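**Q** these are from a larger complex, still in place; more later:
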Amino acid sequence: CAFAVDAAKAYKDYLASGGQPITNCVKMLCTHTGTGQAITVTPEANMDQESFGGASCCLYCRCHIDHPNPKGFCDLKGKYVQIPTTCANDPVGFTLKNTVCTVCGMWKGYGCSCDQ
């Protein structure tokens, strides 16, 4: 039995249909002079980013469903996630749809310069 609820895909399709994104993500006060990296131990937003509490931007945390990997582990909870200011109306959507460059720590396509 290969049945596995696919919440990531259900949320993306909910957004595409024109559904209002998950709200009440926890936005932090910070200097906005930070390194700009994607997921950090304290708020780290730069001039064009907002910083949020990790758990509140995790689809799995927010929906009370399991995390998709063998260990139950969440890489957002207990950290802070930097969201481009133009995408901060949907931090959950953003963290789902994007990937963190494993060498510079930035969002691929939103600060990562390693492929120039």
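**A** It's in. Residues are numbered from 1 along each chain as shown, chains lettered A, B, ... in the order given.

**Q** In chain A, mark out all the helices, start to finish.
**A** A:7-16, A:59-63, A:91-97 (DSSP state H).

**Q** Could you export these as CSV, including distance to residue A:34 and mean neighbour count?
**A** From N, CA and C alone the C-beta is placed, and that goes for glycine too. As requested, those are exported to CSV (distance: least, Cβ to Cβ, whole Å; neighbours: other Cβ atoms under 10 Å):
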stretch, distance to residue A:34, mean neighbour count
helix A:7-16, 28, 14
helix A:59-63, 23, 17
helix A:91-97, 16, 21
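
**Q** Format these as JSON lines; extra columns: distance to residue A:75.
**A** Converted to JSON lines, the helices of chain A look like this (distance: least, Cβ to Cβ, whole Å):
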{"stretch": "helix A:7-16", "distance to residue A:75": "14"}
{"stretch": "helix A:59-63", "distance to residue A:75": "11"}
{"stretch": "helix A:91-97", "distance to residue A:75": "10"}
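
**Q** Looking at these, which is nearest to residue A:109?
**A** In terms of Cβ to Cβ, the element of the helices of chain A nearest to residue A:109 is helix A:91-97, at 10.4 Å.

**Q** Now tell me what touches the closest one from outside.
**A** Under the criterion Cβ atoms under 8 Å, 6 or more residues apart in numbering, residues A:8, A:11-12, A:15, A:21-22, A:25, A:52, A:56-59, A:62, A:76, A:81, A:83-84, A:87-88 lie in contact with helix A:91-97.

**Q** again, but for stretch A:74-82
**A** Stretch A:74-82 has contacts (Cβ under 8 Å, 6+ apart) with A:28, A:34, A:36-46, A:49-55, A:57-58, A:60-61, A:67, A:91, A:95, A:107.

**Q** For PyMOL, write the select line for the buried members of these.
**A** Here is the PyMOL selection string for the buried members of these, based on 16 or more other Cβ atoms under 10 Å:
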select buried, chain A and resi 34+36+37+38+39+40+43+44+45+46+49+50+51+52+53+54+55+57+58+60+61+67+91+95+107
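
**Q** So which of the contacts of stretch A:74-82 belong to strands?
**A** With strands taken from DSSP state E, the overlap with the contacts of stretch A:74-82 comprises A:39-40, A:49-53.

**Q** any idea which of those is closest to residue A:103?
**A** Nearest to residue A:103 among those: residue A:39, at 14.3 Å, using Cβ to Cβ.

**Q** can you add chain B next? sequence is:
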Amino acid sequence: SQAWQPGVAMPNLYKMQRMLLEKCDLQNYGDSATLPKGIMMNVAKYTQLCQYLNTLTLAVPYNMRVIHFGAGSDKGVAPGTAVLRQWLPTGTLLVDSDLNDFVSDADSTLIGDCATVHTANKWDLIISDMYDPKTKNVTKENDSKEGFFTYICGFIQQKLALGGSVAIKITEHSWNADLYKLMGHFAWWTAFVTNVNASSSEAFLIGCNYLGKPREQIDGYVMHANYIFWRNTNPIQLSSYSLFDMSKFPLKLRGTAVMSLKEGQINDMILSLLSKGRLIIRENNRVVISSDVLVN
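**A** So, slotting chain B in with the rest:
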């Protein structure tokens, strides 16, 4: 003007009065502060609380232990915990709890009434936002409340390390005489009103550097009457100014010493080090917590 502070602490002369309890009637009752774009009241509020705590002699040991009661919101997240985790040194053990379910950035979360929470270890800092809205009944006498306050007084006495500190939310009607009396068991205490919520009778009762014994005798009925009198005669201008300068926000890593000492072995020299925010007295074992579960 205090509009550039994070908030206003109760002046010492108001603590020394013997007022009788009146109804709280705030001048700025109707007003609201304009928060920075997209910032929640609970984030602004805890930020200002932490900015004020930055001015006290908090003990900040390595492997600091912080527990936060009343941390859930009606929207299922923990904004106050997120600020505490931002404020506390990286690696600080932060435990979370609330009656209702929520997701949290804390190292561990316990769901249920706080009276079901037990911990083996002692703590360096206790934060409480617990509040029952059913206490704002304007039509009966405002007496000392128990509920969760009874747990909190016991928890401080049994599980707060000497030298540790406390910040417990109160309001006009949500308060407790023994908790005020316990403030006299610290080297110093105040009632702190955040500038962003200064239109509310809420305050945080802050005990700074626990001493385990009475330093002052405090009548908690008189002291809450004094607190209301201060609030009634001292309109506080709503302000979010301090929210815009976060450059010095993180709690200063003081490396405060931790010792395991026994009740007959606490000098006036020790008491004095406790009073200065230079000593934490507790065991340094592993942190173990549990929630009691009633089965049918």
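
**Q** please look at the contacts of stretch A:74-82 again, because chain B has been put in.
**A** Contact with stretch A:74-82 is made by A:28, A:34, A:36-46, A:49-55, A:57-58, A:60-61, A:67, A:91, A:95, A:107, B:85-86, B:103-107, as judged by Cβ atoms under 8 Å, 6 or more residues apart in numbering or on different chains.

**Q** can we see that at 6 Å?
**A** Identification of contacts with stretch A:74-82 by Cβ atoms under 6 Å, 6 or more residues apart in numbering or on different chains yields A:38-41, A:43-45, A:49, A:51-52, A:54-55, A:57-58, A:67, A:95, B:105.

**Q** residues in contact with the single nearest residue of chain A relative to chain B?
**A** Taking Cβ to the nearest Cβ, chain B has its nearest neighbour within chain A at residue A:53, 3.4 Å off. Residues counted as contacts of residue A:53 (Cβ under 6 Å, 6+ apart) are A:26, B:82, B:105.

**Q** ditto for residue B:115
**A** Contacts of residue B:115 by Cβ under 6 Å, 6+ apart are residue B:151.

**Q** Over to the one 10 residues further on?
**A** Residues near residue B:125 by Cβ under 6 Å, 6+ apart: B:66, B:165.

**Q** Could you dump the contacts of residue A:53 into JSON lines and include neighbour count and distance to residue B:295?
**A** Formatted as JSON lines, the contacts of residue A:53 follow (neighbours: other Cβ atoms under 10 Å in any protein chain shown; distance: Cβ to Cβ, whole Å):
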{"residue": "A:26", "neighbour count": "29", "distance to residue B:295": "34"}
{"residue": "B:82", "neighbour count": "30", "distance to residue B:295": "34"}
{"residue": "B:105", "neighbour count": "27", "distance to residue B:295": "31"}
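
**Q** ok, so of the residues you listed, who is nearest residue B:245?
**A** Taking Cβ to Cβ as the measure, residue B:245 lies nearest residue B:82 of the contacts of residue A:53, at 19.1 Å.

**Q** Pull the contacting residues for that closest one.
**A** By Cβ under 6 Å, 6+ apart, the contact list for residue B:82 reads A:26, A:53, B:105.

**Q** Try it again at 7 Å.
**A** Each residue near residue B:82 by Cβ atoms under 7 Å, 6 or more residues apart in numbering or on different chains is listed here: A:26, A:28, A:53, B:105.

**Q** which residue sits closest to it in space, ignoring its chain neighbours?
**A** Spatial nearest neighbour of residue B:82, excluding adjacent residues (Cβ to Cβ, 6 or more residues apart in numbering or on different chains): residue A:53 at 3.4 Å.

**Q** thinking again about what came up before, for the contacts of residue B:82, work out which two are farthest apart.
**A** Among the contacts of residue B:82, A:28 and B:105 lie farthest apart (Cβ to Cβ), at 10.5 Å.
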